[PDB]
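Here's the structure, in structure tokens; my notes come after.
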Amino acid sequence: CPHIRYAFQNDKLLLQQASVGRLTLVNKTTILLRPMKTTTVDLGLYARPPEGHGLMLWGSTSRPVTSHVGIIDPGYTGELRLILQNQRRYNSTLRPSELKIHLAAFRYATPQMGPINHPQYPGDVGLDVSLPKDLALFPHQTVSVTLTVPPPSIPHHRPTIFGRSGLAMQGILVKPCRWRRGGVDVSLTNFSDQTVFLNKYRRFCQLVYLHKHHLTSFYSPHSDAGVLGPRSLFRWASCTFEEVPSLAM
Ligand SMILES: O=c1ccn([C@H]2C[C@H](O)[C@@H](COP(=O)(O)O)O2)c(=O)[nH]1
């Protein structure tokens, strides 16, 4: 893996390190999360992956806060944002150092074929997946749905489900998960105060084919359970970050 070019400028976040293919930021100031509302952190971070790769953006904290896991498309030249939700019904604070923000690359593949939709732009990582039925997501509840018809099989890659940013901004998070052979149960949580009605055929998540190297059972400084959970640890590509300040917009 050749360089991930990046720029970073944000005096409210510290660059902890950019090592072994993962860049980590930490919060220098308190971030307040109101209950029932989305909190977005504008990272002041811009990045471009090398050929054949996307980027994965995620947050880690021991506080009662859930972060959207973001799939960053290779053509994306805008600012990266971290989308957070409050698990509690009262204000939750992330004191300095309590939030870690990680960025790292992965190889992905794309099939040519709803319910699974082609990438919307050249090189987009995820294929949107359509809802098979109408769902009513009441506030602070989780609703699950099963996808049973197999996605296309891609040698040496593994189908996985991630959320999309638009729904996350509305307070609806998808728990990322592997789509194994017998089907996948996709769980959607509504962290807002509004009942959200999602109808049949609505795009509600995306299918990503991660190269099999990026999924491991082994814990190390090269992997993290914060992406897809503790069974399927995310092991990112061994790329090098290269600072290119002109990427900042
Ligand atoms: O947590 C996220 C997810 C996505 N993006 C950027 C990069 C993506 O290419 C683009 C669109 O994301 P989606 O709507 O596909 O999730 O937004 C972020 O900044 N943060």
Side-chain angles (χ1 to χ4, degrees), residues 4-10 12-13 22-25 27 31 33 37-61 65-86 94 99-110 114-131 159-177 186 188-189 191-192 196 198 202-210 224 226-228 234 236-237 241 247-249:
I4 304 166
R5 288 149 44 243
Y6 82 99
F8 167 66
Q9 204 291 132
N10 184 343
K12 300 201 185 173
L13 303 174
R22 179 171 68 169
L23 183 150
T24 300
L25 312 177
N27 64 312
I31 296 168
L33 295 91
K37 294 168 164 60
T38 302
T39 294
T40 290
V41 184
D42 300 310
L43 301 173
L45 183 61
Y46 301 77
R48 309 213 181 158
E51 185 66 21
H53 296 70
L55 297 167
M56 186 81 69
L57 178 71
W58 72 106
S60 171
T61 184
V65 171
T66 304
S67 63
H68 181 241
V69 175
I71 294 290
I72 310 313
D73 299 298
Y76 186 81
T77 59
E79 189 179 350
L80 298 167
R81 295 186 301 163
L82 193 72
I83 300 160
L84 305 174
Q85 303 291 343
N86 187 355
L94 298 167
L99 177 65
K100 281 66 62 52
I101 306 140
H102 300 297
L103 186 69
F106 60 87
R107 288 200 176 268
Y108 68 100
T110 304
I116 306 169
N117 300 102
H118 71 276
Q120 285 316 259
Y121 301 98
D124 282 355
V125 176
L127 297 86
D128 295 330
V129 181
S130 287
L131 229 31
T160 55
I161 290 289
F162 287 88
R164 306 214 83 117
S165 84
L167 276 177
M169 294 294 301
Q170 297 168 230
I172 306 307
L173 300 187
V174 173
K175 174 189 57 67
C177 52
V186 185
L188 308 188
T189 297
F191 292 90
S192 82
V196 172
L198 302 184
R202 179 85 164 71
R203 298 158 170 249
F204 78 110
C205 65
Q206 59 181 141
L207 164 64
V208 173
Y209 289 85
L210 293 172
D224 197 83
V227 173
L228 286 146
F234 178 55
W236 48 88
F241 277 90
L247 292 189
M249 301 283 102

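Order of listing sets the numbers, starting from 1, for every ligand and every atom in it. Heavy atoms only: backbone and side chains are in, while hydrogens, waters and symmetry mates are out. For reference, positions follow the sequence shown, starting with 1.
Panel note: side chain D224, backbone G226; a donor-acceptor pair is recorded below 3.5 Å.
At a 3.5 angstrom cut-off on N or O pairs, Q206 does not count as close to ligand 1.
The nearest non-hydrogen atom to atom 6 (C) of ligand 1, considering only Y121, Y76, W58, comes from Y76.
Proximity of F204 to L188: side-chain heavy atoms (C-beta onward) are separated by under 4.5 Å at one or more points. Counting only heavy atoms from C-beta outward, the side chains of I4 and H53 never approach each other to under 4.5 Å. Within the 4.5 Å cutoff, side-chain heavy atoms of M56 are placed close to those of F162. Using a 4.5 Å cut-off on side-chain heavy atoms (C-beta onward), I83 and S165 make contact.
The closest protein non-hydrogen atom to atom 5 (N) of ligand 1 is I72 CD1, 3.7 Å. In this structure, atom 2 (C) of ligand 1 lies nearest to the protein heavy atom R81 O, 3.6 Å. Annotation: atom 3 (C) of ligand 1 to nearest protein heavy atom, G70 CA, 3.5 Å. Of all protein heavy atoms, the one closest to atom 15 (O) of ligand 1 is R164 NH2, 2.8 Å.
The atoms of ligand 1 that sit less than 4.0 Å from any heavy atom of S165 are 12 (O), 13 (P), 14 (O), 16 (O). For ligand 1, the atoms lying closer than 4.0 Å to a non-hydrogen atom of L80 are 19 (O). Within ligand 1, the atoms closer than 4.0 Å to a non-hydrogen atom of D73 are 8 (C), 9 (O), numbered from 1 in the order shown.
The two residues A168 and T38 make their nearest non-hydrogen contact at O-OG1, 3.8 Å.
Of the heavy atoms in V69, none comes closer than 4.0 Å to ligand 1.
Inspection of the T39 and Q85 side chains reveals no N or O donor paired with an N or O acceptor under 3.5 Å.
Atom CD of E79 and atom OH of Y46 lie 4.0 Å apart (nearest 0.5 Å).
Ligand 1 has no atom lying under 4.0 Å from any heavy atom of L43.
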